[PDB]
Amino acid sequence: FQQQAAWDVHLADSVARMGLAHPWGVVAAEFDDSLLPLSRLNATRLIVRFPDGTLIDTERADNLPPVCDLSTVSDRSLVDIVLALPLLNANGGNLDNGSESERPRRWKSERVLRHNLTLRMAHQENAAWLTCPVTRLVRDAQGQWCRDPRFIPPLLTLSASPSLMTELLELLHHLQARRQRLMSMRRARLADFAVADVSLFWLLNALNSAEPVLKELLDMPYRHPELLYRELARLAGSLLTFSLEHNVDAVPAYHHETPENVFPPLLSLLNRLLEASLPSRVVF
């Protein structure tokens, strides 16, 4: 029953960990913004994988967590919402029966087992739960709660963040425009090189190598973003070689839990490096 599910999840996790460093995060996290003025938060769709390898899916197997009561955080201006799933106890009972425990239990019984999913906040004591960021609520000039548009959770898929998708589609368009212009900027059905060509052919090799690879990663954006990071960082590294004043330390390190400090800075860096292409147009 519950015994097969236990360590079966460990087998799938151990397989994911052969190709990925952090096989956990959000796939989908959708909310009902309508009850924010009434200080009530509700999830509509949640597909989240916890760091122990547990997959929760409200579209198929799981039931949406109960409403998040924001009455408790009236004194706050920022609240970080997490999805919580109680830890699995190797020694204990993970079934929520009548008896009270000092810790939450993974499952409840229903007319079969149902996961005890709840929405909690990062400022709470959550060590008795497995946790994953799902939104950040910030207040406006009116002082009403509103989901922070800049929020990006630990990602299992690129598609989990539509803002990042936008920022990436934009970066790919910028790269295509700069490649097409620089490819036109090369010169009888043959070519003789110059000092100006040295830099041009460095940039062209960098852009032409990356374009097909980033295009395929973005056509199907349902893979783990460690793949995208590696190829994005590979490009950033290649581009900041002919740029003095820029160290290879500019490329943000991959940190899974905080993608806001890895993908927005890296895409910005890349967009800046793409604009910084100057071909000495006034040299006669």
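From 1 onward, residues are counted along the sequence shown.
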Checklist entry - As recorded in the PDB entry, how many deposited residues are without coordinates between residue 187 and residue 188: none, 1 to 3, 4 to 9, or 10 or more? => result 1 to 3
Next on the checklist: If you take the mean CA temperature factor per stretch, which one wins between 28 to 36 and 224 to 232?
Outcome noted: 28 to 36
Checklist entry - Would 69 to 77 or 122 to 130 have the larger average of its C-alpha temperature factors, as given in the entry? => result 69 to 77
Checklist entry - If you compare 102, 211, 167, 140, which has the highest Cα B-factor in the entry? => result 140
Checklist outcome for this item: Comparing C-alpha B-factors across 47, 41, 250, 217 in this entry, the winner is 41
Next on the checklist: When the deposited Cα B-factors of this chain's modelled residues are ordered and cut into thirds, is residue 243 in the lowest, the middle or the highest one?
Outcome noted: highest
Checklist outcome for this item: Entry-reported C-alpha B-factor of residue 154 relative to its chain, by third, is lowest
Checklist entry - Which third of the chain does residue 175 land in by C-alpha B-factor: lowest, middle or highest? => result middle
Item to check | Where the record places residue 11 (Cα B-factor, split into thirds across the chain) | outcome: middle
Next on the checklist: Quick check for you: using the entry's CA B-factors within this chain, is residue 267 in the lowest, middle or highest third?
Outcome noted: lowest
